[PDB]
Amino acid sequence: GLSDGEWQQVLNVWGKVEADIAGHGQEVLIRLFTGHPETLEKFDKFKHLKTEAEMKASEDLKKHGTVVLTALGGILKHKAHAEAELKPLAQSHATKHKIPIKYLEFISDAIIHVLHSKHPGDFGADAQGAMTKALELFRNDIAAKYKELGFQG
């Protein structure tokens, strides 16, 4: 649901996070724990942290903050990149070409057929099952954008 400009805005502020990932992560976890103490109960390794001051002093709360924001930064970058790639394809296939999801199923079946035909050795039952699932995820991704665009696929 984000424009390329909106994802640039998300990644722009994320650059500022990366300038001090530990400080940001410490501040996020302390905001979370102080506002919603029930969340701190989920962290058995932080049972010794009672006060804001103990939280601020904690070497491991700060290290965990880095772990959380490092993971979330990677996820946001990869989501921005996927969207910029998928959105125009979904746009053209909904609005210009008007390709039903059934037709995307036909081409998916055609891809599996050609890979089985050309690579029987390296495309056995397990690999064919993997590709079958991956192509269904792709179709589902397109189908979700078709519904956002109001196109009945």
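So that there is no doubt, residue numbering starts at 1 and follows the sequence shown.
**42-50 set against 106-114, stretch whose average Cα temperature factor tops the other in the entry** = Between 106-114 and 42-50, it is 42-50.
**Asked** Out of 95-103 and 28-36, which stretch has the higher average CA B-factor listed in the record?
**Response** Per the PDB entry, the higher value belongs to 95-103.
**Third assignment of residue 144 from its chain's C-alpha B-factors** = Ranked within chain, residue 144 CA B lands in the highest tercile.
**Prompt:** Among the modelled residues of its chain, does the C-alpha B-factor of residue 69 lie in the lowest, middle or highest third?
**Reply:** Within its chain, residue 69 is a lowest-third residue by C-alpha B-factor, going by the deposited values.
**Request:** Report the third (lowest, middle or highest) to which the CA temperature factor of residue 84 belongs, ranking only the modelled residues of the same chain.
**Result:** CA B-factor rank for residue 84: highest third.
**Request:** Please place residue 131 in the lowest, middle or highest third of its chain by C-alpha B factor as given in the entry.
**Result:** Residue 131: CA B-factor falls in the lowest third of its chain.
**Request:** Taking the chain's C-alpha temperature factors as the reference, tell me which third residue 122 falls into: lowest, middle or highest.
**Result:** As the PDB entry reports it, the C-alpha B-factor of residue 122 lands in the highest third of its chain.
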